[PDB]
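To be precise, the following lines are protein.cif, and they hold mmCIF, C-alpha atoms.
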```cif
data_upload
loop_
_atom_site.group_PDB
_atom_site.id
_atom_site.type_symbol
_atom_site.label_atom_id
_atom_site.label_comp_id
_atom_site.auth_asym_id
_atom_site.auth_seq_id
_atom_site.Cartn_x
_atom_site.Cartn_y
_atom_site.Cartn_z
ATOM 1 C CA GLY N 6 42.174 -47.540 -17.380
ATOM 2 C CA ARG N 7 39.104 -45.380 -18.054
ATOM 3 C CA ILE N 8 38.551 -42.094 -19.871
ATOM 4 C CA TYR N 9 36.871 -39.450 -17.734
ATOM 5 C CA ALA N 10 34.839 -36.786 -19.557
ATOM 6 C CA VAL N 11 34.568 -33.806 -17.221
ATOM 7 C CA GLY N 12 32.163 -30.903 -17.527
ATOM 8 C CA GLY N 13 31.579 -29.084 -20.801
ATOM 9 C CA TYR N 14 28.739 -27.067 -22.283
ATOM 10 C CA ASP N 15 25.562 -28.872 -23.294
ATOM 11 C CA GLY N 16 23.988 -26.345 -25.644
ATOM 12 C CA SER N 17 21.461 -28.865 -26.911
ATOM 13 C CA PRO N 18 17.794 -27.889 -26.532
ATOM 14 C CA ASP N 19 17.221 -30.295 -23.639
ATOM 15 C CA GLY N 20 20.432 -29.523 -21.726
ATOM 16 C CA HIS N 21 21.092 -25.799 -22.244
ATOM 17 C CA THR N 22 23.685 -25.612 -19.474
ATOM 18 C CA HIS N 23 27.319 -25.622 -18.479
ATOM 19 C CA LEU N 24 27.965 -28.947 -16.814
ATOM 20 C CA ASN N 25 29.194 -30.231 -13.475
ATOM 21 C CA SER N 26 28.628 -33.841 -14.506
ATOM 22 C CA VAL N 27 31.315 -36.440 -15.215
ATOM 23 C CA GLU N 28 31.227 -39.807 -16.971
ATOM 24 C CA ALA N 29 33.804 -42.541 -17.485
ATOM 25 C CA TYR N 30 34.442 -44.814 -20.473
ATOM 26 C CA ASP N 31 35.463 -48.431 -20.021
ATOM 27 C CA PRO N 32 37.141 -49.774 -23.183
ATOM 28 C CA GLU N 33 36.618 -53.448 -22.325
ATOM 29 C CA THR N 34 32.830 -53.153 -22.321
ATOM 30 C CA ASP N 35 32.421 -50.039 -24.528
ATOM 31 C CA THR N 36 30.313 -48.317 -21.868
ATOM 32 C CA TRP N 37 30.051 -44.841 -20.360
ATOM 33 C CA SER N 38 29.155 -44.757 -16.661
ATOM 34 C CA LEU N 39 28.220 -42.116 -14.125
ATOM 35 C CA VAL N 40 30.915 -40.533 -11.951
ATOM 36 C CA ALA N 41 30.235 -38.189 -9.038
ATOM 37 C CA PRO N 42 29.674 -34.612 -10.300
ATOM 38 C CA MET N 43 31.980 -31.721 -9.614
ATOM 39 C CA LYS N 44 31.042 -29.019 -7.144
ATOM 40 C CA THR N 45 31.311 -26.415 -9.924
ATOM 41 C CA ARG N 46 29.888 -26.241 -13.440
ATOM 42 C CA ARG N 47 32.743 -25.785 -15.910
ATOM 43 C CA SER N 48 33.052 -25.697 -19.693
ATOM 44 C CA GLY N 49 36.330 -24.949 -21.416
ATOM 45 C CA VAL N 50 37.876 -26.806 -18.469
ATOM 46 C CA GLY N 51 41.371 -28.256 -18.288
ATOM 47 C CA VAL N 52 41.774 -31.727 -16.826
ATOM 48 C CA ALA N 53 44.820 -33.725 -15.856
ATOM 49 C CA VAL N 54 45.765 -36.729 -13.745
ATOM 50 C CA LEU N 55 48.437 -36.570 -11.072
ATOM 51 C CA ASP N 56 49.175 -39.035 -8.266
ATOM 52 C CA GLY N 57 45.939 -40.949 -8.657
ATOM 53 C CA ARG N 58 43.571 -37.952 -8.743
ATOM 54 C CA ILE N 59 41.874 -36.055 -11.546
ATOM 55 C CA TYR N 60 42.165 -32.271 -11.382
ATOM 56 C CA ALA N 61 39.551 -30.031 -13.006
ATOM 57 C CA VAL N 62 41.102 -26.602 -13.544
ATOM 58 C CA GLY N 63 39.327 -23.346 -14.290
ATOM 59 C CA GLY N 64 36.748 -23.111 -17.022
ATOM 60 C CA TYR N 65 33.704 -21.026 -17.859
ATOM 61 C CA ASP N 66 30.069 -20.838 -16.835
ATOM 62 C CA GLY N 67 27.941 -18.493 -18.921
ATOM 63 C CA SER N 68 25.091 -18.415 -16.415
ATOM 64 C CA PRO N 69 24.435 -14.761 -15.474
ATOM 65 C CA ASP N 70 24.863 -15.362 -11.724
ATOM 66 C CA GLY N 71 28.318 -15.412 -10.150
ATOM 67 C CA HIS N 72 31.729 -15.376 -11.771
ATOM 68 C CA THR N 73 31.733 -16.609 -15.345
ATOM 69 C CA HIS N 74 35.506 -17.188 -15.598
ATOM 70 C CA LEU N 75 36.836 -19.646 -13.040
ATOM 71 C CA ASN N 76 40.044 -19.736 -11.018
ATOM 72 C CA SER N 77 38.849 -22.620 -8.856
ATOM 73 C CA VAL N 78 40.342 -26.112 -9.075
ATOM 74 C CA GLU N 79 38.940 -29.393 -7.661
ATOM 75 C CA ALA N 80 40.416 -32.899 -7.314
ATOM 76 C CA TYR N 81 38.584 -36.193 -7.808
ATOM 77 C CA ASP N 82 39.449 -39.154 -5.593
ATOM 78 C CA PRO N 83 38.375 -42.376 -7.356
ATOM 79 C CA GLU N 84 38.504 -44.410 -4.130
ATOM 80 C CA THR N 85 35.742 -42.335 -2.514
ATOM 81 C CA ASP N 86 34.078 -41.075 -5.737
ATOM 82 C CA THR N 87 34.233 -37.526 -4.371
ATOM 83 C CA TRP N 88 35.505 -34.154 -5.543
ATOM 84 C CA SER N 89 37.161 -31.618 -3.246
ATOM 85 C CA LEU N 90 38.283 -28.049 -3.881
ATOM 86 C CA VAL N 91 42.026 -27.381 -3.762
ATOM 87 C CA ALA N 92 43.901 -24.085 -3.973
ATOM 88 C CA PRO N 93 42.593 -21.760 -6.721
ATOM 89 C CA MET N 94 44.747 -20.387 -9.475
ATOM 90 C CA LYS N 95 45.966 -16.805 -9.346
ATOM 91 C CA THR N 96 44.178 -16.059 -12.648
ATOM 92 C CA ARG N 97 40.704 -17.000 -13.843
ATOM 93 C CA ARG N 98 41.120 -19.091 -17.001
ATOM 94 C CA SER N 99 38.423 -20.234 -19.389
ATOM 95 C CA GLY N 100 39.389 -22.368 -22.351
ATOM 96 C CA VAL N 101 42.606 -23.263 -20.506
ATOM 97 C CA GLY N 102 45.091 -25.938 -21.541
ATOM 98 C CA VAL N 103 46.317 -28.237 -18.803
ATOM 99 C CA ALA N 104 49.050 -30.851 -18.680
ATOM 100 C CA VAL N 105 51.218 -32.613 -16.113
ATOM 101 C CA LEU N 106 54.996 -32.354 -16.195
ATOM 102 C CA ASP N 107 57.403 -33.577 -13.538
ATOM 103 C CA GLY N 108 54.840 -33.781 -10.739
ATOM 104 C CA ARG N 109 53.239 -30.383 -11.357
ATOM 105 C CA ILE N 110 50.011 -29.421 -13.106
ATOM 106 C CA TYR N 111 50.483 -26.618 -15.638
ATOM 107 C CA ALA N 112 47.621 -24.300 -16.598
ATOM 108 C CA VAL N 113 48.377 -22.614 -19.919
ATOM 109 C CA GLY N 114 46.630 -19.587 -21.373
ATOM 110 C CA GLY N 115 42.858 -19.278 -21.509
ATOM 111 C CA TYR N 116 40.674 -16.185 -21.302
ATOM 112 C CA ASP N 117 39.507 -14.018 -18.389
ATOM 113 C CA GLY N 118 36.896 -11.294 -18.025
ATOM 114 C CA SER N 119 37.409 -7.691 -19.067
ATOM 115 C CA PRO N 120 35.163 -4.616 -18.882
ATOM 116 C CA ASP N 121 34.580 -4.968 -22.644
ATOM 117 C CA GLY N 122 34.302 -8.755 -22.917
ATOM 118 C CA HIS N 123 37.150 -11.272 -22.588
ATOM 119 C CA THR N 124 40.943 -11.045 -22.396
ATOM 120 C CA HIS N 125 43.092 -13.796 -23.904
ATOM 121 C CA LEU N 126 46.040 -14.918 -21.849
ATOM 122 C CA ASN N 127 49.674 -15.756 -22.509
ATOM 123 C CA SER N 128 50.335 -16.434 -18.830
ATOM 124 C CA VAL N 129 51.048 -19.858 -17.349
ATOM 125 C CA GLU N 130 50.957 -21.181 -13.783
ATOM 126 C CA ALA N 131 51.890 -24.493 -12.168
ATOM 127 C CA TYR N 132 50.457 -26.393 -9.200
ATOM 128 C CA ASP N 133 52.349 -28.380 -6.563
ATOM 129 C CA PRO N 134 50.018 -30.868 -4.788
ATOM 130 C CA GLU N 135 52.377 -31.408 -1.752
ATOM 131 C CA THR N 136 52.148 -27.693 -0.666
ATOM 132 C CA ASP N 137 48.786 -27.061 -2.441
ATOM 133 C CA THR N 138 50.181 -23.940 -4.111
ATOM 134 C CA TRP N 139 50.247 -22.369 -7.559
ATOM 135 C CA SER N 140 53.358 -20.607 -8.860
ATOM 136 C CA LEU N 141 53.893 -18.432 -11.911
ATOM 137 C CA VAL N 142 56.176 -19.576 -14.719
ATOM 138 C CA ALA N 143 57.267 -17.947 -17.967
ATOM 139 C CA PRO N 144 54.458 -16.723 -20.253
ATOM 140 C CA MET N 145 54.019 -17.884 -23.813
ATOM 141 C CA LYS N 146 54.946 -15.634 -26.699
ATOM 142 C CA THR N 147 51.349 -15.741 -27.992
ATOM 143 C CA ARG N 148 48.078 -15.299 -26.090
ATOM 144 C CA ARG N 149 46.015 -18.499 -26.664
ATOM 145 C CA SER N 150 42.602 -19.758 -25.409
ATOM 146 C CA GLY N 151 41.208 -23.083 -26.684
ATOM 147 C CA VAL N 152 44.830 -24.198 -26.845
ATOM 148 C CA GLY N 153 45.918 -27.823 -26.910
ATOM 149 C CA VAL N 154 48.646 -28.768 -24.439
ATOM 150 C CA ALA N 155 50.678 -31.969 -24.464
ATOM 151 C CA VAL N 156 53.923 -33.205 -22.968
ATOM 152 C CA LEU N 157 56.569 -34.936 -25.058
ATOM 153 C CA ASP N 158 60.159 -35.646 -23.987
ATOM 154 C CA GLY N 159 60.051 -33.308 -21.019
ATOM 155 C CA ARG N 160 58.642 -30.268 -22.826
ATOM 156 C CA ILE N 161 55.134 -28.832 -22.861
ATOM 157 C CA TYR N 162 53.807 -28.051 -26.326
ATOM 158 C CA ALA N 163 51.132 -25.357 -26.661
ATOM 159 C CA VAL N 164 49.391 -26.031 -29.970
ATOM 160 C CA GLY N 165 47.115 -23.669 -31.852
ATOM 161 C CA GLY N 166 44.294 -21.849 -30.109
ATOM 162 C CA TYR N 167 42.567 -18.488 -30.421
ATOM 163 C CA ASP N 168 44.175 -15.079 -29.903
ATOM 164 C CA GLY N 169 41.488 -12.448 -29.489
ATOM 165 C CA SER N 170 43.963 -9.634 -28.801
ATOM 166 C CA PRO N 171 44.654 -6.923 -31.400
ATOM 167 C CA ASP N 172 47.219 -7.460 -34.142
ATOM 168 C CA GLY N 173 48.346 -10.841 -35.444
ATOM 169 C CA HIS N 174 46.243 -13.807 -36.440
ATOM 170 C CA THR N 175 43.189 -14.888 -34.481
ATOM 171 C CA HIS N 176 43.028 -18.629 -35.288
ATOM 172 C CA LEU N 177 46.468 -20.036 -34.631
ATOM 173 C CA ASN N 178 48.609 -22.556 -36.469
ATOM 174 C CA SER N 179 51.614 -21.698 -34.307
ATOM 175 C CA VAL N 180 53.156 -24.051 -31.749
ATOM 176 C CA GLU N 181 55.543 -23.282 -28.909
ATOM 177 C CA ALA N 182 57.413 -25.561 -26.535
ATOM 178 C CA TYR N 183 58.194 -24.938 -22.872
ATOM 179 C CA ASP N 184 61.550 -26.089 -21.499
ATOM 180 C CA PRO N 185 61.323 -26.408 -17.692
ATOM 181 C CA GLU N 186 65.116 -26.494 -17.328
ATOM 182 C CA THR N 187 65.341 -22.884 -18.528
ATOM 183 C CA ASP N 188 61.756 -21.664 -17.903
ATOM 184 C CA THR N 189 61.489 -20.504 -21.516
ATOM 185 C CA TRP N 190 59.121 -21.014 -24.444
ATOM 186 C CA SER N 191 60.422 -21.427 -27.994
ATOM 187 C CA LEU N 192 58.557 -21.637 -31.284
ATOM 188 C CA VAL N 193 58.567 -24.887 -33.218
ATOM 189 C CA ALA N 194 57.197 -25.650 -36.659
ATOM 190 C CA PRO N 195 53.609 -24.446 -37.187
ATOM 191 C CA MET N 196 50.782 -26.746 -38.092
ATOM 192 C CA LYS N 197 49.516 -26.994 -41.652
ATOM 193 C CA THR N 198 46.065 -25.812 -40.508
ATOM 194 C CA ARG N 199 44.993 -23.061 -38.132
ATOM 195 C CA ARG N 200 43.035 -24.653 -35.269
ATOM 196 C CA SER N 201 41.264 -22.940 -32.386
ATOM 197 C CA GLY N 202 39.594 -25.313 -29.964
ATOM 198 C CA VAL N 203 42.018 -28.091 -30.895
ATOM 199 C CA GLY N 204 42.545 -31.260 -28.888
ATOM 200 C CA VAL N 205 45.973 -32.786 -28.550
ATOM 201 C CA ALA N 206 47.505 -35.969 -27.309
ATOM 202 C CA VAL N 207 50.821 -37.794 -27.507
ATOM 203 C CA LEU N 208 51.051 -41.332 -28.848
ATOM 204 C CA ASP N 209 54.183 -43.289 -29.814
ATOM 205 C CA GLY N 210 56.391 -40.219 -29.836
ATOM 206 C CA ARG N 211 54.167 -37.949 -31.947
ATOM 207 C CA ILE N 212 51.860 -35.111 -30.994
ATOM 208 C CA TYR N 213 48.447 -35.343 -32.623
ATOM 209 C CA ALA N 214 46.414 -32.178 -33.211
ATOM 210 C CA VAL N 215 42.780 -33.200 -33.578
ATOM 211 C CA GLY N 216 40.007 -31.118 -35.046
ATOM 212 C CA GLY N 217 39.407 -27.511 -34.087
ATOM 213 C CA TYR N 218 38.106 -24.535 -36.013
ATOM 214 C CA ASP N 219 39.885 -22.719 -38.831
ATOM 215 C CA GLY N 220 38.319 -19.264 -38.775
ATOM 216 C CA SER N 221 40.871 -17.732 -41.149
ATOM 217 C CA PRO N 222 39.707 -16.253 -44.471
ATOM 218 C CA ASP N 223 40.139 -19.303 -46.716
ATOM 219 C CA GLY N 224 38.631 -21.574 -44.050
ATOM 220 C CA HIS N 225 35.689 -20.838 -41.749
ATOM 221 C CA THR N 226 35.629 -24.594 -41.254
ATOM 222 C CA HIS N 227 34.978 -26.905 -38.350
ATOM 223 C CA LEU N 228 37.671 -29.493 -38.836
ATOM 224 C CA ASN N 229 37.613 -33.246 -39.004
ATOM 225 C CA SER N 230 41.256 -33.157 -40.051
ATOM 226 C CA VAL N 231 44.098 -34.386 -37.861
ATOM 227 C CA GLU N 232 47.830 -33.785 -38.070
ATOM 228 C CA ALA N 233 50.813 -35.328 -36.301
ATOM 229 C CA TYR N 234 54.103 -33.708 -35.211
ATOM 230 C CA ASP N 235 57.463 -35.579 -35.356
ATOM 231 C CA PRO N 236 59.903 -33.779 -32.939
ATOM 232 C CA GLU N 237 62.917 -35.435 -34.661
ATOM 233 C CA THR N 238 62.139 -33.740 -37.988
ATOM 234 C CA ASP N 239 60.190 -30.755 -36.580
ATOM 235 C CA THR N 240 57.469 -31.419 -39.146
ATOM 236 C CA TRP N 241 53.700 -31.801 -39.154
ATOM 237 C CA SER N 242 51.916 -34.262 -41.461
ATOM 238 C CA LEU N 243 48.233 -34.962 -42.025
ATOM 239 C CA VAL N 244 46.826 -38.299 -40.926
ATOM 240 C CA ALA N 245 43.378 -39.760 -41.552
ATOM 241 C CA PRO N 246 40.484 -37.402 -40.686
ATOM 242 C CA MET N 247 37.827 -38.085 -38.117
ATOM 243 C CA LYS N 248 34.280 -39.164 -38.943
ATOM 244 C CA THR N 249 32.839 -36.028 -37.307
ATOM 245 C CA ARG N 250 34.012 -32.420 -37.309
ATOM 246 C CA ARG N 251 34.803 -31.313 -33.764
ATOM 247 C CA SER N 252 36.050 -28.160 -32.125
ATOM 248 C CA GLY N 253 36.305 -27.857 -28.377
ATOM 249 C CA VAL N 254 37.004 -31.600 -28.401
ATOM 250 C CA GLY N 255 38.592 -33.561 -25.573
ATOM 251 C CA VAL N 256 41.400 -35.890 -26.589
ATOM 252 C CA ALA N 257 42.947 -38.691 -24.550
ATOM 253 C CA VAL N 258 45.216 -41.694 -25.102
ATOM 254 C CA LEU N 259 44.152 -45.112 -23.848
ATOM 255 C CA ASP N 260 45.238 -48.620 -24.862
ATOM 256 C CA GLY N 261 47.253 -47.427 -27.848
ATOM 257 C CA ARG N 262 44.451 -45.331 -29.341
ATOM 258 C CA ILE N 263 43.610 -41.647 -29.397
ATOM 259 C CA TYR N 264 40.032 -40.909 -28.360
ATOM 260 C CA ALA N 265 38.241 -37.773 -29.558
ATOM 261 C CA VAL N 266 35.421 -37.051 -27.115
ATOM 262 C CA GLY N 267 32.511 -34.695 -27.694
ATOM 263 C CA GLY N 268 32.999 -31.193 -29.015
ATOM 264 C CA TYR N 269 31.048 -28.843 -31.266
ATOM 265 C CA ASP N 270 30.160 -29.378 -34.941
ATOM 266 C CA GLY N 271 29.130 -26.086 -36.562
ATOM 267 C CA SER N 272 28.789 -27.580 -40.028
ATOM 268 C CA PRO N 273 25.299 -27.860 -41.544
ATOM 269 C CA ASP N 274 23.160 -30.923 -40.589
ATOM 270 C CA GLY N 275 23.498 -33.180 -37.574
ATOM 271 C CA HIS N 276 23.738 -32.262 -33.942
ATOM 272 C CA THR N 277 25.816 -29.257 -32.911
ATOM 273 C CA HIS N 278 26.872 -30.269 -29.388
ATOM 274 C CA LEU N 279 28.359 -33.736 -29.571
ATOM 275 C CA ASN N 280 27.982 -36.832 -27.420
ATOM 276 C CA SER N 281 29.831 -38.970 -29.941
ATOM 277 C CA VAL N 282 33.286 -40.423 -29.379
ATOM 278 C CA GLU N 283 35.756 -41.879 -31.861
ATOM 279 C CA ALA N 284 39.071 -43.697 -31.563
ATOM 280 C CA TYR N 285 42.154 -43.500 -33.783
ATOM 281 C CA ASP N 286 44.559 -46.375 -34.458
ATOM 282 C CA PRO N 287 47.957 -45.224 -35.791
ATOM 283 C CA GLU N 288 48.859 -48.652 -37.206
ATOM 284 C CA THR N 289 45.915 -48.791 -39.617
ATOM 285 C CA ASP N 290 45.475 -44.977 -39.732
ATOM 286 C CA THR N 291 41.720 -45.282 -39.142
ATOM 287 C CA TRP N 292 39.081 -43.696 -36.919
ATOM 288 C CA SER N 293 36.055 -45.593 -35.603
ATOM 289 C CA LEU N 294 33.104 -44.477 -33.503
ATOM 290 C CA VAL N 295 32.682 -46.090 -30.083
ATOM 291 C CA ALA N 296 29.727 -45.846 -27.718
ATOM 292 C CA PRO N 297 28.507 -42.244 -27.226
ATOM 293 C CA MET N 298 28.446 -40.398 -23.918
ATOM 294 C CA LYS N 299 25.121 -39.923 -22.169
ATOM 295 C CA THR N 300 25.517 -36.111 -22.284
ATOM 296 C CA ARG N 301 26.467 -33.820 -25.179
ATOM 297 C CA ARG N 302 29.586 -31.853 -24.203
ATOM 298 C CA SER N 303 31.371 -29.015 -25.989
ATOM 299 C CA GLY N 304 34.496 -27.726 -24.301
ATOM 300 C CA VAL N 305 34.855 -30.977 -22.344
ATOM 301 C CA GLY N 306 37.971 -31.919 -20.418
ATOM 302 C CA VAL N 307 39.215 -35.480 -20.611
ATOM 303 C CA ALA N 308 41.822 -37.518 -18.794
ATOM 304 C CA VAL N 309 42.701 -41.164 -18.281
ATOM 305 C CA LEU N 310 42.811 -42.669 -14.810
#
```

Take the structure in the file and write it out as C-alpha cells.
Amino acid sequence: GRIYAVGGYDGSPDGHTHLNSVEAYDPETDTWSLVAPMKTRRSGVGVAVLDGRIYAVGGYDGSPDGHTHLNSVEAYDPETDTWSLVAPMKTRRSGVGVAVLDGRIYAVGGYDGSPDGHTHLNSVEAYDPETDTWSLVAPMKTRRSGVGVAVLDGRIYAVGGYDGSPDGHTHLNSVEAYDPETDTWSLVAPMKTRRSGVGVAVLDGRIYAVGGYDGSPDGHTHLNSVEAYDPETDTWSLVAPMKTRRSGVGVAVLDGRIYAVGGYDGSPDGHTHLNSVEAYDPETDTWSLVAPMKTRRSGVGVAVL
C-alpha cells in the first residue's frame, strides 16, 4: 500500500550524485518516509515487486570509479527493512525497463558501455526467484533505453524510449508487445508523441504513457503530456497533461490513481531535478500534486508494495 521511490540521479547543486536512497509514500497521511538504502547507487534503475519483495535491477552510476553500467540486482525485504544482492543479469543495463509477468521479472532494453560511449539494447532477460537465475528471451525489434514497460492482459508492452544506434529514429513513438506463449514481440499502434524517458502504468485496462522527452525535429520538448492506449481498439488518445514536465519519471498505480514521481524538467525556469509528485484520476481526468519527496530524483524507479 505504499509507493517506493528507489534510487535516481540527484543532479541538484546540493545532491550532485547517483542515489542509493529509497523513500516510501503513504497515501493515507500524504507523507514520504525513509526506507533502508540500497547497497548500490543506481539511476535509470528498473524496479518491480514480486512475492512481497522489491527488486532494483541494473541502472547507471556516472561516478568515475568502478563500473558505470550495472548488471547487479538487489531485493528489498520489507519485514527486515534490508536489501540483499541476488543473481546479476547477464548484461549491464542502464535506463532499463522492468516489469513482472507470470512470476518472473523481465528486464527490457537499456544501454551498456562501449569503447566509444554507450550501446543501446534490444535484448531482454527474465529472472526466476525460486532458482535465482536469469534467462534470455526474444529481443525486441527496436533497441530502446529509457523505455516504459507495462503488463496488460498477459503481454509486456515496451513503449517509446531512445534508440542511439545508427539509422532510424532516435526518440521513439513505437510500441511493441511481447507474447510469452510464443516468445515473440509484435508492433502495435505507435503513440501520438515520441517519448524517450517515458513512464508507463496500467489502470482500468489502459496503458498510460506519461511525460518523456520528444527530441525529434518539431519537438525538442520535455513533455507534460500523457496518452492512453486502448488494446481493444489499438489506439492511443491524449488525456489531461501533468502540472510539471517530466522525463525520466517513475510511474506507479496505487488506490485507483497513477502517480508520476520525480523526473527531469529541462524547460526554462524551476528546478531541473524533481522531487515533486502528482497523481492522476481517470474519472475526473485531472492531475494534482501531492507531498514532494525529500530527495530530487531523475531516472527514479518506483513500485508499489

List, as a PyMOL selection string, every residue that the PyMOL selection byres ((chain N and resi 82-84) around 9) selects in the file provided.
chain N and resi 40+57-59+80-81+85-89+310

Give me the residues near segment 277-289 of chain N as an mmCIF file with C-alpha atoms, keeping the file's coordinate frame, where near means some atom within 7 Å (using all atoms listed in the file) and where sequence neighbours in that chain fewer than 6 positions away do not count.
```
data_model
loop_
_atom_site.group_PDB
_atom_site.id
_atom_site.type_symbol
_atom_site.label_atom_id
_atom_site.label_comp_id
_atom_site.auth_asym_id
_atom_site.auth_seq_id
_atom_site.Cartn_x
_atom_site.Cartn_y
_atom_site.Cartn_z
ATOM 1 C CA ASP N 15 25.562 -28.872 -23.294
ATOM 2 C CA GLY N 16 23.988 -26.345 -25.644
ATOM 3 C CA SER N 17 21.461 -28.865 -26.911
ATOM 4 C CA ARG N 262 44.451 -45.331 -29.341
ATOM 5 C CA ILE N 263 43.610 -41.647 -29.397
ATOM 6 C CA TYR N 264 40.032 -40.909 -28.360
ATOM 7 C CA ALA N 265 38.241 -37.773 -29.558
ATOM 8 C CA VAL N 266 35.421 -37.051 -27.115
ATOM 9 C CA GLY N 267 32.511 -34.695 -27.694
ATOM 10 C CA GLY N 268 32.999 -31.193 -29.015
ATOM 11 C CA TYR N 269 31.048 -28.843 -31.266
ATOM 12 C CA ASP N 270 30.160 -29.378 -34.941
ATOM 13 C CA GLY N 271 29.130 -26.086 -36.562
ATOM 14 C CA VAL N 295 32.682 -46.090 -30.083
ATOM 15 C CA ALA N 296 29.727 -45.846 -27.718
ATOM 16 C CA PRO N 297 28.507 -42.244 -27.226
ATOM 17 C CA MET N 298 28.446 -40.398 -23.918
ATOM 18 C CA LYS N 299 25.121 -39.923 -22.169
ATOM 19 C CA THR N 300 25.517 -36.111 -22.284
ATOM 20 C CA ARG N 301 26.467 -33.820 -25.179
ATOM 21 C CA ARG N 302 29.586 -31.853 -24.203
ATOM 22 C CA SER N 303 31.371 -29.015 -25.989
#
```

Can you tell me how far atom CA of residue 26 of chain N sits from atom CA of residue 307 of chain N, in Å to one decimal?
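So the two atoms, atom CA of residue 26 of chain N and atom CA of residue 307 of chain N, lie 12.3 Å apart.
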
Carefully work through the PyMOL selection byres ((chain N and resi 54) around 12) for this structure and note down the residues it includes, as a PyMOL selection string.
chain N and resi 6-9+51-53+55-62+79-83+103-106+108-111+134+257+306-310

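Nearest residue to residue 145 of chain N, choosing from N:122, N:224, N:115, N:159 and counting all atoms listed in the file: N:115.
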
For a quick check of understanding, using only C-alpha atoms, which of N:147, N:291, N:25, N:127 has the smallest distance to residue 10 of chain N?
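Smallest separation from residue 10 of chain N among the options: N:25.
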
Nearest candidate to residue 260 of chain N (options N:42, N:192, N:28, N:208; using all atoms listed in the file):
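When distances to residue 260 of chain N are compared using all atoms listed in the file, the smallest one comes from N:208.
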
Got a sec: who's within 6 Å of segment 239-247 of chain N, counting all atoms listed in the file, leaving out chain neighbours fewer than 3 positions off, as a list in words?
residues 194, 196, 229, 230, 231, 232, 233, 234, 235, 236, 290 and 292 of chain N

Would you compute the distance between atom CA of residue 93 of chain N and atom CA of residue 39 of chain N? Give it in Å to one decimal.
26.0 Å

Could you pull the residues within 7 Å of residue 201 of chain N, counting all atoms listed in the file, minus those fewer than 5 positions along the same chain, as a PyMOL selection string?
chain N and resi 151-152+165-167+176-177+217-219

Residue among N:76, N:252, N:22, N:179 lying closest to residue 203 of chain N, counting all atoms listed in the file
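For residue 203 of chain N, the nearest of the given residues is N:252.
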
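Closest approach to residue 96 of chain N from the set N:69, N:255, N:220, N:118 is made by N:118, with distances taken over all atoms listed in the file.
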
Proximity to residue 129 of chain N - best of N:78, N:113, N:94, N:258, all atoms listed in the file
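Counting all atoms listed in the file, the residue closest to residue 129 of chain N is N:113.
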
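Relative to atom CA of residue 132 of chain N, atom CA of residue 120 of chain N is found at 28.3 Å.
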